[PDB]
Structures are given as structure tokens and as C-alpha cells.
Protein chains: 6
Amino acid sequence: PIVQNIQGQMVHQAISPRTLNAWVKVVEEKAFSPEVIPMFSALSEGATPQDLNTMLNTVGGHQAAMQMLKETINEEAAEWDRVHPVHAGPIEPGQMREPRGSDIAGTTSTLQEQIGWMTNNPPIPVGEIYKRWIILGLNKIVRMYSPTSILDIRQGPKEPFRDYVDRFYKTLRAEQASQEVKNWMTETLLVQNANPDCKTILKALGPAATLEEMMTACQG
Amino acid sequence: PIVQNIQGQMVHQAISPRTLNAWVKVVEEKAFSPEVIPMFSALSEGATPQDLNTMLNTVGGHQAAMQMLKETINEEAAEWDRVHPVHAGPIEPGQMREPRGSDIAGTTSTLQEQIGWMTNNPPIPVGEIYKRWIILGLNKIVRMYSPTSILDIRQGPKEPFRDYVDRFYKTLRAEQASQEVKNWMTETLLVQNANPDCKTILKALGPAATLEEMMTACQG
Amino acid sequence: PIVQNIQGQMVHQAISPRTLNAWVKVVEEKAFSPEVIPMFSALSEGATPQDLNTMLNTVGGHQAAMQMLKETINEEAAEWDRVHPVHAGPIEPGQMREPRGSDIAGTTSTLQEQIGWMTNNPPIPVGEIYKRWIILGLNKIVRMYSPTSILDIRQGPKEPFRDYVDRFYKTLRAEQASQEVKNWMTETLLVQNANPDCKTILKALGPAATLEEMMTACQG
Amino acid sequence: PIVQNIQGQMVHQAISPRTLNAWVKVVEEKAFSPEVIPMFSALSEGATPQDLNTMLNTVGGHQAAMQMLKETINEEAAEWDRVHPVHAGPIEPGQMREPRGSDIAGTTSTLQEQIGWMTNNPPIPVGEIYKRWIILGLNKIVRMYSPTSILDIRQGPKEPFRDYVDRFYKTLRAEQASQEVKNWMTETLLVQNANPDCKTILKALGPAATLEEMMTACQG
Amino acid sequence: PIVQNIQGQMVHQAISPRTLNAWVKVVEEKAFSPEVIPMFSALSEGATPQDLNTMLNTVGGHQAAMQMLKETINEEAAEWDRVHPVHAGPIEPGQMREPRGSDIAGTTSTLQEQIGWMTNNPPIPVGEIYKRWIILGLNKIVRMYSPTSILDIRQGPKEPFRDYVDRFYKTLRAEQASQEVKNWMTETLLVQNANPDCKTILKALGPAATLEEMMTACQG
Amino acid sequence: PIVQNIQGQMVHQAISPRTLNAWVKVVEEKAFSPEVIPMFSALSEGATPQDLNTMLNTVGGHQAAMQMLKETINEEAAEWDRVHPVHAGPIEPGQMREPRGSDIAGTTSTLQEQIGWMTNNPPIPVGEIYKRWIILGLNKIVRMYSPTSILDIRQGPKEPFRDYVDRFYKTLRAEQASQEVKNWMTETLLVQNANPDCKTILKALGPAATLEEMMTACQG
């Protein structure tokens, strides 16, 4: 990644083996939870595209998700190349060339070019765009990983409300929807597929109530 | 997080994977206990709000408590933006914008803005307020996760006194009772809900019994 | 903990996560052992009262022992406040006020107050006093947690002599007594509850003999 | 590995114990898979030839693969010496001699020689060449270590489609070939060895469709 | 222990929590091996008497051995106090007082006095003397702990010569003897208590043969 | 060990417990094999002779090899003091004494003398010579620990060729034979002691067969 030394100039520090060790171990141990992508965001803070490529390639198994994320990367690179033209000519000092989709992906680029692109003024967030593409691919993978849909979960006769709402939110973290409609979902589907006794309890208490008072009323 | 160098000038540092792995193990390992709130307050000391958001998003399971803490964060942010109005329209040169309800948590604010806010003169303790809000949320969570009320604790005919008083003090620390009423009830409910033989033995000692006397006399 | 080093001494660093994790592991794994007092004295060498409070709050289980420690600390703080009364009237400018009985425990004080108290000229060692309070509480805890008394220790016909004396000295170290009676009680209790063969051996050796010859006499 | 940083570049640090211990543990645990190639490339970012020799000597077992890697490195060094002949006669003063074919492997060279060759102006990327040699060796190793060919992969009546395509892509990644025929072989082999239900599903969908729709089609 | 900062004055660093964790762990994990003593010499390089006392007292179990080593420490302190007189009077700056036996033991001394005694000119190796006493006590305990004597080991009919000489050297490392006579045992008894076939082989080869060639002759 | 700071001046550092913990574990986990020598050479790089002595003393078990390496060190020191006589009687001011046979190993020499010797201008590579002697001793040890000779390696009737050639190269790497004779025998003994059908296939393939061709033909 990129770090700043105390009273020093911006220099690029090498990758940490312990980070890759934790990253390879956590994905295998935790399978594919939604939080895995978030975990990815914390481990790849300010990392170069080569670091993300190595982190993705070092994962053992799950080559289908790797092929899917590679296809999404190729599609995003093609879209970026189509929306942003490419110019050629002499390279003036202090100004970098036009980054291409193959250069944004980092498959046909080197380390020094990426370092010069990320340390220029103004900085070109190539690593940030690549990280956004990777987390979008991971979101797609975790959505495909979801066994039960958001509308297929229903509270059973003997299943408690705590585990019910826990599984409901776990499935909601893995469905495909925007935040605006996600709010309506987590508002109405939580009371539409609940236990009938607690359904009547919440209807008597009020739909606009928060989750805390609803749970405290459903427990009693 | 935030570290202090020997020179005197501090710099930004990314979240270390070791602390995140330790937090995940503690959460997985102990579920929820009144002792995890000090663990979180001592582990995330001097950390950016983005680090706390990543730590709260990387947890696996128990999404009910996560939704509870999110709702408490939203309510605290609403109260903050209601009690602190933006009376100053224009912004002076060199001064950063005031943290709003959504900016204090880090939803629509980048890390650079948080760094500039926390390193201001005088500094703006946004991270401290966020940590206090998370502590209040975890307090509410551990209060809800209480198995039963404080009055239902009754020592059985063959249940020992050690585990009895341990569970009693556990559910008392997990209770939302104030410091005065806790000290008022710890002198009555401990002696009124004990084994009858021991209960009479402790009552025959006097009204100035200490914890060590209660432990050494009940066990005889 | 406080960091007294080269120029730049004005610095306060929170407790390291590794030391706190090691403390949690040694508390969870070994419960309470006669060696936990040196462990606490080594892990909390020169720490601020807030650090001691955070270490005492992260303990898992054994709420009765923690309540005993808290009440002993409160009693000793009351005794300190009684023996060291606070002077009334206005305080002198530039002179830090003397820490009160409750200020040592860190229940009604802040971080800056104890930082200025420990870094004053001359420094006020309130942290050492709090550590003494905690180790006295731990001594009371390990004395209360004694399962078997010292007089109920008798070696069986098959139990080895080395394990017998190890258990005896462990139980003796778990109990706190004056130094002038322990050297007599060990000699008047060890050579009486041994194996008949080892008893005849030690009678053939001598009462006033050392312990190494007793260990190497009845070995095997 | 060599460290290029702030003033004081004339430094050389040996291989860290955490890196070497992790590499030996990961290679034994993961045996041989295509995945090791990026892990080795990330662990040896900017390392000295002696560091690569130590990393290749630390591995235990699988002597045949190590001998194959050594003979491939020797053949490639002979080819480099044939294509880059060394100039005869006396060398110019102050100009470092070009690295010979055997000097790249580090068998007849010292530490100061490669230090001067890497810190020269302009630098000579001999370490990158040796890393490419080791990467080609590992490619040949993982190509010869393939237990089952790509054509002998057929999904059983009860084996899931996801696991089938995962095994297929793992076997395809284990083998190295031109991507222009890979694009054709994956499409002419994936949709031929599936279950009859998934086969008729993909026939109703279409051959020119993407892979994610095939994954989400025959799921469950 | 004591460390020297880069271009700084001699400062005292606190105890190492990770090293202490290892030390407590090694004793339990390794049982009681003779190699444990060097272990202490490597982990306690330049350690203070207070740190040594904490490391001794933090050990769980072996209370009999702890009492024995404490008795040896008391005897050494009494011998030191008897061989070196003690003088009293005004303490001049730059010169410390005469250390007593209890002061060398560290039971009645403090950290500042220990630092002043170890950082004087010329330095008083109080820590070195205490470490020598501790390693002598550990040598005594490992001599008493030896189950089989040095003269009781004999090569069996089916016991390999490698294991025989390994156990012989393990018993020689734990036996009590001087450095000069130590060679006599490994030169005479090693060939006098072996299998008759290799006995005759070594007698025909020559007594002055070394261990390597004598074993290669005994193996064949 | 010895570390190099960005300033330019190096200082002494105590042995880290992590390296020795790994060293004790690696010796026990990997037993004895060719790979132990490189690990040893890469882990103890730039360490004082006292650190290597402690590492050779903290090992648990296999005391025969320890005595072998001790006798090898003694013989090398004897040869050193025989070939390097002390012709200079007096010592110049500011210069330290020359390392003798017993001083080069650190038996009767303190750590300060070794520090002054290794930090001289020009430095005296005592640690490098000690490491070379230990490497020669370990080579002799792994040569002795060979289960069988190289000529006795013969593939069985049904034993696969992979493990056969693995054991062949394993017992050939530990052999003290020169590179020329090893390269001469690896072309003949590998094909002369193989499976008859495979042997005939490899002989009919031609006299210029390489490793990969033999691996691909012998398995068909």
C-alpha cells in the first residue's frame, strides 16, 4: 500500500505477508459471508492494483467466483474505454498519459507506472476505482451465494423472533436492491412474515415503532 | 488508527488486521457479555469512524444487535442535528465544514475529511462521540440480551451459592439500574433469595456483613 | 501506560491489544492461581488508573471475586481519605490538587487529571497505590478461593512425596500469613502427614535437617 | 530483500523469520497448486538472489519438482548466456560488469556483487529475471502435477453443477495454454459434461450466453 | 531489561510480555528439560532482579522447586553478606552504598536503586550475580530431578546405539560433575556400558577414535 | 541479533524469542533433513556466536548430533589456532585481543568482547566463520543420518516412480559427493534402477532424456 513516513516524503512500502495470511485464512474459514467484502475493504486500504490482483489470485479454490469477477473487470474496463477516449503522443513531465481500461485493471501495466499515476497532482484514483469494481464483483458473488431469497424467509411456529430477524437481516444484506427500496423492505417484510401473535402485538403497538421496542414487545 | 511518534507530529495509519481478527474471535468466542464493551472501548481507542464502521460491518452473525446499534446511531445523529443548528451559512477559508448527523458517522464523508477534522486546532472529537454512541448502543444491547429480570433470581434447594451469586452479579451488571439502587438491592436480594439454612446463618451474623463473610459463611 | 523516555515525554498510549489478549487468555485458561499477582504486576508495570480499570473490566466470569476486589478498593480508598484529609479553601495557582480517595480508583476523574498528577514535579505515585490495592484484593480473593485448608492435607499410600509437598507448598502460598509462624508450621506439618516409609526415613534423618535431603531421601 | 527508502539506502536486511516460516508452512499445507505462483511473487517483491535461493532451499519434500525447477533455471541461464554473450578483454574502470548466466542463479556470485548490480545507475533487474525464471519453473511444475486431464472431467448424476465447474476451472488454471483456444475449449467443453437437467436448461438458454446465468439457472 | 537507544542515553525498558508468555508456556509445554536453563539465559539477557523475581514467581506449580531455589538464594545471600562487610554513613554523589545480601536478592530493594546500582561506573553486576545464582539453583534442581543416574544407564539388547548415546548424553547433561572430569565419563563409560559387538568394534578401531567415526563403525 | 537502522549506525539487540521458538519447533517438526541447513543459515543470519550457542543448547533431543557438532567446533578451533599462531605478544592500545580457538566460539569470552570484535574497523567475521563451521557440522550430521547409501536405492516391483525418484534425490542431496560425480550418476543410476517397462521405454526414448520427459513416459 501507500504510507507516509514521519517527516518524510511519500514512499511506497512493500506488501505485508501477514495481511495476505489473514486474508487467505479468513475467506476459507468464513466461506462467503456478506461481511467478507467489507473485510476486504479494511485489508486493502490504499493498496495498489497489483496488491489486489495478488490477493485475489492467492485465494485457494472458488475459481468460478474468480472467473465471474474477472469477467466483470473486463466489462468495466471496456465500458471505461468506451466512455473515455484514449490519446497518444509525447509525454510531458509532470503530466501522465490517459489511463486505459487494461491499465486500470493492472494486467498489462507495471509498478512504476501505477506509482507515478497515484502520486501525481492531481492524483488519479486508479486503485480506488479498481477496489470499487472488486467490491462490486464480491457483492455480486455474495448475492449469487444467497441460498434463500429475501421474500422466501418466514418465521416458523417454534423459531424465536431473535433468530428470525437475524436471518432476515442476513438475507437482506445479500439481496439485490437499492437503499431507498431496502428501507421499505426492512420496514414491511419484517412485519409481513413474522409470528401471528407478535404480528398482532406490533399492529397494536404501531408500525412506525423501532426494532428495539418491537423486539421487547414480542419477547414478552 | 492514531499513533504518537517520538518527534511529536502524528500521522494516519490503517487499521491493523490483528486487532480486527482479535475482535472477531472475541465476538465469535464469547457471544455477548457485559465485559465486551470495555474490550471494544480499549481496542478501538483513538480510531477513525471508518475503522469502527468496518469493525461493525465485518462481524458475522447476530444482525439484530447490529440493526439496534445502527438505529441508535441514527437517533443520536438526528438529536445532534436537531440540537445543533447550522447558523453559519458561508464557510471561512481554511476551515472545514461542520460534521452533520450523517458526517459524524462516516456514511457520506471520506477519510480525508475525518482526518482533517480530528487534526484541527482545536481538534473535533468526532471519534470520541462515535465511541460514546457505540458504547450506549452496546449497553442497550446487553440490557436487552438479559435472560430475565433481577427479581426472578432465586437460589434452588441444591444449587450452590457461588454460581448463584455469580449469575446474580452478572445480571446486575447487565442491568440498567443506577449505582444507588444497585447498592441498595445488593444488600437485600442476596440474603433474601439464598438457601434457607445459609440464609438464617447469614442473618444471625448481623446487618454489617461483607462479601468475604457471605462467601465463607454460606459455604460452611 | 506512561512512557518516560527521550524528549517528547508528554505522550499517553493506550494498552496494547497483544498484552490485553494475553491477560484475557491467562485469566480465562487458568482461572485464579497463586502466580496471577506477579503476572498482573508485570503486565501492568507503570500504567494509568484508566488502564487498570480497563484491565479489571475485561475479566471473564467470577463476578463475586470482582465485587470483593471493588469493595476492598472502596474500603481502602475510604481509609486513605480518612487518614489523608483534603484541605479546604481555594487552591494555589499552578499547584495540582492532591488526589482524593475516589480519584485514585478513577471513578470520578479523567485522563488529563491523572496524567498531570503522574507527570507532576514531584510525581505522585497513585498508580502504585492502586496496584497495591488490586494485589491486596487478589490476595484476599485467592485466600477465599482455597478449596482445602492446610490441616486437611494427608499423603496417601500411593501418592508420591514430591507431588504431596508440591500441593502442600501451593496451598501454603495460596494463603497469606506472617513469616514467623510459617517456618514453624511447615516443619510441624510436613514430617507428620507423609508415607510410613518416608516418615521412618525422615525420623532417621533429623527434624532440623534441610528440605533437599528430605526430597532426595524418599525419592523413587 | 533490498530496501529502497529515505536517506541511508546503503542497507541490506536478511529475510524476516515471519516471511520464511509462513512460506514453508503454506507450501507444505497447500502442497502444489497454481495458486502458489502469486503468493511467491508477492512474498519476494524486490528480493536479493540469495533470498530467493534461501526460500527455494527452505522447502521440505517434493525433491523431483525442485530438481525440475533447478534444471529449467539452468537451461534458461544457458539460453541467456547464449543470447547475451560477455565481452572479452579488460573491463572499464568504474563500470560494473554485466551479470553472467550463472551469476543470475547466485551459485558463483556473492552478496556485494548483486548489491552493486542492483544499486547501479542504471539498475540491472537481475532479481526480476530470476523471479521470472522461478515463475516459469513453478508453471512447469503445476502443469506436470496435474492428476486428471481437462477432457476427463464429467459431472456425475449427484455432483453439484457449481462444484463441477469449480473443479473444471481449477484444472484449467492448473494448465497453461494460449487464451485464444481457451475461449473456445471452455465453451465447447463446459456445456457438454453437465447433468441432463442442466444440459437441457443450457440448451434452452443458449450457447452464446454468459456464465453467471448458467450458474444461477441450474442452481439448487 | 536494559537497552541502548539509537544515539541516545542508556534507558531502562520494561518487561517483555511476549517473552514472559513464552517462558511460562515453555515450562509447562517442555516439562522440565535440562535445556530449560539455557532458555532462561537467552530470555533473561540483561534483565533486572525485579524482572527475574517476577518471572520466577509467575510460574505455576513446582512450588517445592521454588522453595528449594529460594533457600539456595538465601544461602548465597548470607554467604555474600558474610564474605563482604557492610558499611554505613553518608552517601556521596556518584558512588553507591555497599550492596547487602537482601539487596542482591532484590527482596528489599526498589527499581530506582537497582537502576542506580546497575548504571554506575564501574557497574555492579548485581543482576549478573543473581542470574548466576538462579542458574546454579536450576542446575541443582535438574540434578535432583534426574530419574536415572549417570552410572545406571546400560545399552540393551535391542536398544539402538543412537538412542543409547542420546540418553547417555542427556543424563550427562543433568548429572553433577566438574568440567574436567566430565570428559572422563563420556570417554570411559560410553564404551564400558555398550553392546558387546560395538564394544569389540571400538576396541579394535582404537580408543582415541572420535564419536562420529565410532558411531559409523558401530552402525555398520 | 544485528539490525541496520536508517541512520547508519548499528547497535546490539537481544535474541528474539520468536526465532528460537520457531527454531526449536522446526528441529522437532522437520526432524533431520537437507532443508534444515538453509533454514538455520537464513534464521541465524547476522547473529552473535552466543546466540548460536544458545540455539544449539536450547534444542530438545538428539544430543548425539549436538556432541558431533561440538567436537567439530573443537577440531576447527584447534586447526585455527594451529595454522594461525600468535606472533604478536603485546597488544596495541585501542585494539582488542585476537580471537583464539576458545574465544571464537564464545566459551570463555563475554558478549562485550564479541561486540567489540564484530564492530571493529575492519570487522572480524567471527560470526561468519562460526556459521560456516556449524554448516559443515550440519552437513556431516545429515550425511550420517542418511538411512541408506545411494547405490542401494532400487525401485521395487510395484512401488511408483514418483516416490522412488523423490527418495533418490533426497538421499543424493544429503550425500557429501561433489557436483560432478552427482551429475554423472543422476543420468545413469536413475534409469538403471527403475521399473523394467519404464526403464525400457526411457532407454528407447533416447540418451538425451530430461526430467519432464522421464516423468511423462514412466507414468504412462
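By the method listed in its record, cryo-EM, this PDB entry was determined to a resolution of 4.9 Å.

*Asks:* Explain empty space enclosed by the protein here, please?
*Replies:* If a probe the size of a water molecule is rolled over the atoms, the empty space left behind becomes visible. All names here are of chain E. According to the stated counting rule, one finds 13 cavities of 30 Å³ or more in the structure shown. Counted as a void, the largest cavity has a volume near 150 Å³. Lining the largest cavity are 13 residues, and of these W23, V27, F32, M66 and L138 sit closest to its centre. Those elements giving two or more residues to the lining of the largest cavity turn out to be α1 (17-29), α2 (36-43), α4 (63-83) and α7 (126-144). Here the lining of the largest cavity takes 3 residues from α4, the largest share from any one element. A class-by-class count of the residues in the lining of the largest cavity yields 12 nonpolar, 1 polar and no charged.

*Asks:* Looking at this structure, I do not really get the layout of surface pockets. What am I missing?
*Replies:* Of the volumes computed, that of the second largest pocket is approximately 870 Å³. Along the walls of the second largest pocket sit 29 residues, with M144(A), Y145(A), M215(D), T216(D) and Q219(D) positioned nearest its centre. Here the residues of the lining of the second largest pocket sort into 14 nonpolar, 7 polar and 8 charged.

*Asks:* Whenever I open this one, the domain arrangement of chain A confuses me. Can you help?
*Replies:* Note: interface size is frequently given as the accessible area lost on complex formation between the parts. Residue and element names in this part refer to chain A. For chain A, the assigned domains are domain 1 (2-145) and domain 2 (161-219). Domain 1 and domain 2 are separated by 37 Å when their C-alpha centres are compared. The interface is formed by 5 residues belonging to domain 1 together with 5 residues belonging to domain 2. Here domain 1 meets domain 2 over a buried area of about 380 Å², counting both sides, of which 60% is carbon and sulfur. When the buried area of domain 1 at its contact with domain 2 is split by residue, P34, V142 and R143 rank highest and sum to 84% of it. Seen at the junction of domain 1 and domain 2, the total is 0 salt bridges.

*Asks:* Would you mind showing me how to read the arrangement of the chains here?
*Replies:* You won't find any contact between chain A and chain C; their C-alpha atoms come no closer than 14 Å. A minimum C-alpha distance of 17 Å separates chain A and chain E, which share no contact.

*Asks:* Just to check I follow, could you spell out the packing of helix α1 (residues 17-30) of chain B against helix α2 (residues 36-43) of chain B for this structure?
*Replies:* When two helices pack together, their arrangement is captured by the angle between the axes and the distance separating the axes. All names here are of chain B. Running from N to C, α1 and α2 point in directions that differ by 175 degrees, and their axes come no closer than 12 Å. In terms of orientation, α1 lies roughly antiparallel with respect to α2. Together, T19, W23 and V26 of α1 and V36, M39, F40 and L43 of α2 make up the contact between the two elements. Its residues assigned to classes, the contact of α1 with α2 shows 6 nonpolar, 1 polar and no charged.

*Asks:* I'm lost on the relation of the copies chain E and chain F in this one. Help?
*Replies:* Superposition of the two copies of the chain requires a rotation about an axis and a shift along the axis. Of the two same-sequence chains, chain E is brought onto chain F (RMSD 1.5 Å, axial shift 1.7 Å) by a rotation of 60 degrees. Both copies of the chain, as the preceding transformation shows, are related through a six-fold rotation axis. The position closest to the rotation axis in chain E is occupied by the C-alpha of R18(E), lying 8.5 Å away.

*Asks:* For this particular structure, what's the right way to read the packing of aromatic side chains?
*Replies:* Residues and elements named next belong to chain D. All told, the structure shown has 29 aromatic pairs over all chains when counted by the stated rule. Note on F161 and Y164: the rings are 6.1 Å apart at their centroids and 45 degrees apart in plane angle, and the pair reads as tilted. Of the two residues, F161 and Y164 both sit in helix α8 (residues 161-174), 3 residues apart, roughly one turn of that helix. In this structure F161 comes out as buried when scored by relative accessible area, which is 12%. The class for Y164 is buried, based on a relative accessible area of 5%.

*Asks:* Please clarify how the interface of chain B and chain A should be interpreted in this entry.
*Replies:* Contact with chain B, which involves 27 residues of that partner, is made by 25 residues of chain A. Both sides of the chain B and chain A interface together cover about 2,300 Å² of buried area, and 61% of this is carbon and sulfur. When the area that chain B buries against chain A is broken down by residue, the three leading residues are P17(B), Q63(B) and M144(B), summing to 23%. Summed over the shared surface of chain B and chain A, the result is 0 salt bridges. Taken together, the elements giving at least two residues each to the side of chain B that touches chain A come down to α1, α3 (49-57), α4 (63-83) and α6 (126-144) of chain B.

*Asks:* Where do I start with the interface of chain E and chain F in this structure?
*Replies:* The interface of chain E with chain F comprises 22 residues on the first partner and 25 residues on the second. Roughly 2,300 Å² is buried in total at the junction of chain E and chain F, and carbon and sulfur atoms are behind 60% of that figure. Looking at the side of chain E facing chain F, the largest losses of area belong to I6(E), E35(E) and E212(E), adding up to 23% of the total buried there. If you look at where chain E meets chain F, you find 0 salt bridges. Applying the counting criterion to the chain E and chain F interface returns 8 residue pairs in polar contact.

*Asks:* Would you mind showing me how to read the relation of the copies chain B and chain A here?
*Replies:* With an RMSD of 1.5 Å, the fit of chain B onto chain A corresponds to turning through 62 degrees and sliding 1.6 Å along the axis. Little of the interface of chain B is mirrored in chain A, where only 4% of its interface residues again form contacts.

*Asks:* Before we go on, may I ask you to explain α1(E) in this structure?
*Replies:* For an α-helix the count is 3.6 residues per turn, leaving residues at separations of three or four pointing the same way. For α1(E), spanning 13 residues, the distance from its first C-alpha to its last is 18 Å, which sits close to the expected 18 Å at 1.5 Å a residue. Every buried residue of α1(E) is accounted for by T19(E), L20(E), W23(E), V24(E), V26(E) and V27(E). Projection of α1(E) onto a plane perpendicular to its axis shows the buried side chains occupying an angular sector of 155 degrees, all on one side. Residues of α1(E) that are exposed and point over 90 degrees away from its buried face: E28(E) and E29(E). Looking at the buried side of α1(E), the elements it contacts are α1 (17-30) and α2 (36-43) of chain C, α2 and α3 (49-57) of chain E together with α1 (17-30) of chain F. Trailing α1(E) by a residue or two, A31(E) shows a phi angle of about 60 degrees, which is positive.

Procedures and definitions
- Residues numbered from 1 in each chain as written, not as in the entry; some residues may be left out.
- Chains lettered and ligands numbered in written order.
- Heavy atoms only, no water.
- 1 Å grid on protein atoms, 1.4 Å probe; cavity = no way out; pocket = protein on both sides within 12 Å on 5 of 7 lines; lining within 4 Å.
- Points joined across faces, edges and corners; volume = space filled by probe spheres on them.
- Helix = DSSP H or I, 4+ residues; strand = E, 2+ residues; numbered from the N terminus.
- Nonpolar A, V, L, I, M, F, W, Y, C, P; charged D, E, K, R; others polar.
- Domains from an automatic or database assignment.
- Contact = heavy atoms within 4.5 Å.
- Buried area = accessible area lost by both parts, 1.4 Å probe.
- Salt bridge = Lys/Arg side-chain N within 4 Å of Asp/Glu carboxyl O.
- Axes fitted to C-alpha atoms, helices over the stretch in contact; angles between N-to-C directions.
- Parallel < 35°, antiparallel > 145°, perpendicular 65-115°, else oblique.
- Least-squares fit on C-alpha atoms.
- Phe/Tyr/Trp six-rings, centres within 6.5 Å; stacked < 30°, edge-to-face > 60°.
- Buried < 20%, exposed > 50% of the residue type's maximum accessible area, 1.4 Å probe, protein only.
- Polar contact = N/O pair within 3.5 Å; in protein donor to acceptor, adjacent residues only side chain to side chain.
- Expected span 1.5 Å × (residues − 1).
- Arc of directions from axis to C-beta.

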